[PDB]
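Each chain is listed here by its residues.
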Amino acid sequence: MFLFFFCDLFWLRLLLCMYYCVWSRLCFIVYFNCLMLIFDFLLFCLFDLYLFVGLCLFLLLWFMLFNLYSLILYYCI
Amino acid sequence: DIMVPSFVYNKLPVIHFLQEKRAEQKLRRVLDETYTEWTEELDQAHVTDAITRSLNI
Ligand SMILES: CCCCCCCCCCCCCCCCCC(=O)OC[C@H](COP(=O)([O-])OCC(O)COP(=O)([O-])OC[C@@H](COC(=O)CCCCCCCCCCCCCCCCC)OC(=O)CCCCCCCCCCCCCCCCC)OC(=O)CCCCCCCCCCCCCCCCC
Ligand SMILES: CCCCCCCCCCCCCCCCCC(=O)OC[C@H](COP(=O)([O-])OCC[N+](C)(C)C)OC(=O)CCCCCCCCCCCCCCCCC
């Protein structure tokens, strides 16, 4: 069984293309703690502790496009 | 298209400030190494004295 369907983000994808064809600064992040793991100076880690930043940001963007906009009536998660 | 550009844009100001400070530091170091060297040359009085001695005076 193979079902072909689409997500409910096409208009939001269009808006992302329209409003992010040019660069813009980001200063407010839902989960800022992924960028600042170490608080005491002179401490360093040999492990790739900053690998989760990109996934974190993308997950936040995806889940925010879905959940926050779901408050609008008839919007589908 | 979205994330890396935004973080680069966020980086720009601090890097610009630090590089300006670095250039100022280079100029300051260039200035600080300048010293005027005052040379010393043989006093002509000794030359005059040797001339007198050569005369057998
Ligand atoms: C038999 C009937 C037919 C069907 C056959 C099917 C065969 C199936 C085989 C078995 C498969 C088993 C497994 C199936 C699993 C499915 C799972 C699933 O659905 O998950 C949901 C999941 C939903 O994901 P999503 O979050 O909604 O995002 C996906 C979207 O595509 C949006 O994602 P995106 O935006 O990130 O994607 C990138 C997007 C980036 O954005 C864009 O590029 C914008 C455009 C987006 C297009 C795609 C969206 C489509 C919207 C709906 C349809 C649009 C209108 C179509 C009109 C049809 C009219 C009949 O760029 C593209 O999409 C690149 C393509 C652009 C094409 C442009 C073409 C221009 C032509 C110009 C011609 C000019 C000629 C001039 C001549 C002049 C002469 C004088 O689907 C997927 O992830 C993809 C599933 C695909 C699986 C592979 C299927 C096999 C390939 C079939 C191809 C059939 C082609 C022939 C059809 C002919 C007409 C009938
Ligand atoms: C960061 C916080 C953000 C807070 C945002 C606050 C917004 C305040 C909105 C005030 C009321 C607005 C009323 C609009 C009415 C529209 C027409 C209508 O009939 O609506 C009825 C609908 C439903 O009203 P209803 O339930 O009475 O409908 C009755 C209809 N029948 C009888 C058929 C069932 O209105 C809404 O759903 C409004 C809910 C808004 C909730 C806030 C959503 C915020 C998240 C989305 C933000 C999107 C921003 C995108 C920007 C670009 C991004 C790149």
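Procedures and definitions
- Residues numbered from 1 in each chain as written, not as in the entry; some residues may be left out.
- Chains lettered and ligands numbered in written order.
- Part of a larger assembly, values for the part shown.
- Heavy atoms only, no water.
- Helix = DSSP H or I, 4+ residues; strand = E, 2+ residues; numbered from the N terminus.
- Rg over C-alpha atoms; globule rule 2.2 N^0.38 Å.
- Buried < 20%, exposed > 50% of the residue type's maximum accessible area, 1.4 Å probe, protein only.
- Areas by Shrake-Rupley, 256 points an atom, 1.4 Å probe, with all protein chains shown as cover.
- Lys, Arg positive; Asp, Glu negative; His and termini not counted.
- Charge placed at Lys NZ, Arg CZ, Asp CG, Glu CD.
- Near = heavy atom within 4 Å.
- Polar contact = N/O pair within 3.5 Å; in protein donor to acceptor, adjacent residues only side chain to side chain.
- Nonpolar A, V, L, I, M, F, W, Y, C, P; charged D, E, K, R; others polar.
- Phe/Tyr/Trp six-rings, centres within 6.5 Å; stacked < 30°, edge-to-face > 60°.
- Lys NZ or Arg CZ within 6 Å of the ring centre and 35° of its normal.

Looking up chain B in the PDB entry gives the name subunit-8, with the organism given as Trypanosoma brucei brucei. The title given to this PDB entry is "rotational state 1c of the Trypanosoma brucei mitochondrial ATP synthase dimer".

The name that the PDB entry assigns to chain A is ATP synthase subunit a, with the source organism given as Trypanosoma brucei brucei.

Engineer: What's the story with the overall build of chain B in this structure? I'm lost.
Structural biologist: For chain B, the count of helices and strands is 2 helices and 0 strands. Here the C-alpha atoms of chain B give a radius of gyration of 31 Å, more than 25% beyond the 10 Å that 2.2 N^0.38 yields for 57 residues. Dimensions along the principal axes, computed over C-alpha positions, put chain B at roughly 95 × 15 × 5 Å. Out of the 57 residues in chain B, the part that is buried amounts to 5%. Total accessible area computed for chain B in this model is approximately 5800 Å², and 59% of it derives from carbon and sulfur atoms. Taken together, the 7 basic and 10 acidic charged side chains of chain B have centroids lying 13 Å from each other.

Engineer: Would you mind going over the site of ligand 1 with me for this structure?
Structural biologist: Residue and element names in this part refer to chain A. For ligand 1, the full set of nearby residues is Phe2, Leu3, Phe4, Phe5, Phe6, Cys7, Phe10 and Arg13. The contact in question runs from an oxygen atom of ligand 1 to an N or O atom on the backbone of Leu3, over 3.3 Å. In the model, an oxygen atom of ligand 1 is placed 3.4 Å from a nitrogen or oxygen of the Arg13 side chain. Considering ligand 1 on its own, with 2100 Å² of exposed area, one finds that the protein chains cover 17% of that surface.

Engineer: Before we go on, may I ask you to explain the site of ligand 2 in this structure?
Structural biologist: Residue and element names in this part refer to chain A. By nearness alone, every residue bordering ligand 2 is listed as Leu68, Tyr69, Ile72, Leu73 and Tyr74. Within the contact set of ligand 2, an oxygen atom lies 3.4 Å away from a backbone nitrogen or oxygen of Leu73. Alone, ligand 2 offers 1300 Å² of accessible surface; in the complex the protein occludes 23% of this. Here the shell around ligand 2 is built from residues that sort into 5 nonpolar, no polar and no charged.

Engineer: Would you mind going over the packing of aromatic side chains with me for this structure?
Structural biologist: For any pair of aromatic rings, geometry is given as the distance between the ring centres together with the angle between the planes. All names here are of chain A. The final tally for this structure, using the stated rule, is 4 aromatic pairs over all chains. Aromatic side chains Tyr69 and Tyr75 sit 6.2 Å apart centroid to centroid with 40° between the ring planes, which places their arrangement in the tilted category. Taking relative accessible area as the criterion, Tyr69 reaches 33% and is therefore assigned partly exposed. Of the aromatic side chains, those joined through ring pairs into one cluster are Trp62, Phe63 and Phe66. Between the NZ or CZ atom of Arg13 and the centre of the ring of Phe10, over which it lies, the distance is 5.6 Å.

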